[PDB]
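As a basis for the values below, the full set of heavy atoms in this structure was taken, side chains included, without hydrogen atoms, waters or symmetry mates. We name chains A, B, ... by the order of the sequence lines, and we start the count at 1 in each one.
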Amino acid sequence: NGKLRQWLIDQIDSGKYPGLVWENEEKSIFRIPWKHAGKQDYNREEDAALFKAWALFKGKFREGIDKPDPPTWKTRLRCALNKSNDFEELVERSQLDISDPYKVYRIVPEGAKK
Amino acid sequence: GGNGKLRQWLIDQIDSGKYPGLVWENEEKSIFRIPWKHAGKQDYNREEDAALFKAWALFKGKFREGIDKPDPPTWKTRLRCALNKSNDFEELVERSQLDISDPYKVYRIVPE
Amino acid sequence: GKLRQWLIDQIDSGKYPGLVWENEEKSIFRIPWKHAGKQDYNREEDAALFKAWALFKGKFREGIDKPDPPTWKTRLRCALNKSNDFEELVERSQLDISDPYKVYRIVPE
DNA sequence: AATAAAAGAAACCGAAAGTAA
DNA sequence: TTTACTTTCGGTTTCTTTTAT
């Protein structure tokens, strides 16, 4: 009934967001760019695109109707990632203090029994 | 299965020690205790707690051991509905304990 | 149905400050609705109404159950939503002021 | 120093599934 | 079965305290 799992899998499977790539061929671990908005390498378009995309895809942000607030978009996805049972951050694999920094996440498989 | 069987039958089930938690509260035998546990709770075991409901289903024609598939929720609902509408029984709702372990309801027997 | 009468009764008492009628026909009322994280929020006064609903239904027992104001708030909110006896006037609600509240109109039968 | 972004935790929401009477 | 709430689901928004430039 949720949308985050399928949606994010789709954005990675698309080549739309550079740095949003699978790390393995088994499609279980992926990399998600996570740049601090204050950095010099940061451009609003390319780095905020994934967060804006989630706000567009849910009804939250409507282009031309609403005033843009990019930190809000990032907070939504971060908190959504944290809370979801579908995603587990591999905190020992995240690279946040480099140019082109990223976080590493695992998509949990569904459970065996009921 | 027919009319005028509920009152005496339940009195008989209380006077026997067969159903744990189905005991009299007074010596005048006008008020009694009936376990009323949610089937999902952890303490719930199907045998002991569904026994009274299964017993009513057997005593009336509704359940036949070995011929029909058991449905404990159906037995509970059937006996519940009988108690509410019964002129022979009146719930003392101010003494019932439904949000405790081994929860129960308290009922008063209407004299004629 | 106990909510319709119970809530009408809670408004008619002056017990909960901010739980007041807006009109003289007793069809529309104001129900305080503050976020529990805000600074003005005090646990006793603002959760009192939700606490009262939890008491009046069997859900909370003083001294037997651990207090959970967030669950109290959720139950009352969801109850109002499903109620055919209650309809929120969303064009009147004031959620982003100090002392925020919601506005509800009582459906006549 | 200052301004802006960011962080976890928890309270929060509607919708729907669930439960009881 | 209808009415009437209550609980659960899948994220979302807020609160307060760090972190980045």
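Panel note: side chain C/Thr74, backbone C/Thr71; no donor-acceptor pair is recorded below 3.5 Å. Between the side chain of C/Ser13 and the backbone N or O of C/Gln10, at least one donor-acceptor pair lies under 3.5 Å. The closest donor-acceptor contact from the side chain of C/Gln94 to the backbone of C/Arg92 lies under 3.5 Å. Judged purely by atom type and a 3.5 angstrom limit, C/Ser93 has no side-chain atom pairing as donor or acceptor with the backbone of C/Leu95.
Listed in residue order, the members of residues 52-78 of chain C having a heavy atom less than 4.0 Å from DNA chain E are C/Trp53, C/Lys57, C/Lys59, C/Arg75, C/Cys78. Looking at residues 105-114 of chain A, you'll see that no heavy atom sits under 4.0 Å from any atom of DNA chain D. Residues of residues 84-98 of chain A having a heavy atom closer than 4.0 Å to DNA chain D: none are found.
Whole-Å rounding puts the A/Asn1 CG to D/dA16 P distance at 10 Å. One can place NZ of C/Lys102 at 6 Å from P of D/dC13, the figure rounded to the nearest angstrom. Atom pair C/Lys82:NZ and D/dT19:P shows a separation of 16 Å (rounding to whole Å applied). If you measure from atom CG of C/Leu80 to atom P of E/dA4, you get 13 Å, rounded to the nearest angstrom. Taking atom CH2 of B/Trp36 as the reference point, atom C1' of D/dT19 lies 13 Å away to the nearest angstrom. The distance between atom NZ of A/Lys39 and atom P of E/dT21, rounded to the nearest whole Å, is 6 Å. Atom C1' of nucleotide E/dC15 and atom OH of C/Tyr41 are separated by 14 Å, given to the nearest angstrom. If you take CZ of C/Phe50 and P of E/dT7, they are 16 Å apart, rounded to a whole angstrom.
For the OP1/OP2 pair of D/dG8 and a distance below 4.0 Å, the side-chain nitrogens and oxygens of A/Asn82 include at least one atom meeting the criterion.
Looking only at side-chain heavy atoms (C-beta outward), B/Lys29 and B/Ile14 stay at 4.5 Å or farther from each other. By the 4.5 Å heavy-atom criterion applied to side chains, A/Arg5 and A/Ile107 are counted as neighbours. Side-chain atoms of C/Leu3 and C/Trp53, non-hydrogen and from C-beta on, do get closer than 4.5 Å to each other.
Across all strands shown, nothing is found opposite E/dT1 as a Watson-Crick or G-U wobble partner with both distances under 3.5 Å.
Within 4.0 Å (heavy atoms only), A/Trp7 reaches no atom of the nucleic acid at all.
A negative value of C1'-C2'-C3'-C4' puts the sugar of D/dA17 in the south, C2'-endo-like family. Using the sign of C1'-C2'-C3'-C4' as the criterion, D/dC13 falls on the north side of the pucker cycle.
A residue-by-residue look at A/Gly2 and C/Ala36 shows that A/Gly2 has its nearest nucleotide of DNA chain E further toward the 5' end. Map A/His36 and A/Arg5 each onto its nearest nucleotide of DNA chain E; the residue landing nearer the 5' end is A/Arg5.
Between C/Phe29 and C/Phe86, the ring planes are perpendicular. Angles over 60° get that label, and only those under 30° would be called parallel.
Taking 4.0 Å as the cut-off between side-chain N and carboxylate O, C/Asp40 and C/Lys34 count as a salt-bridged pair. Taking a cutoff of 4.0 Å between a charged side-chain nitrogen and a carboxylate oxygen, C/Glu88 and C/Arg77 do not qualify as a salt bridge.
Using a 3.5 Å distance cut-off with no hydrogens or angles, the side chains of B/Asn45 and B/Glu48 do not pair a donor with an acceptor.
Closest heavy-atom contact between A/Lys60 and A/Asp66: O-OD2, 3.6 Å.
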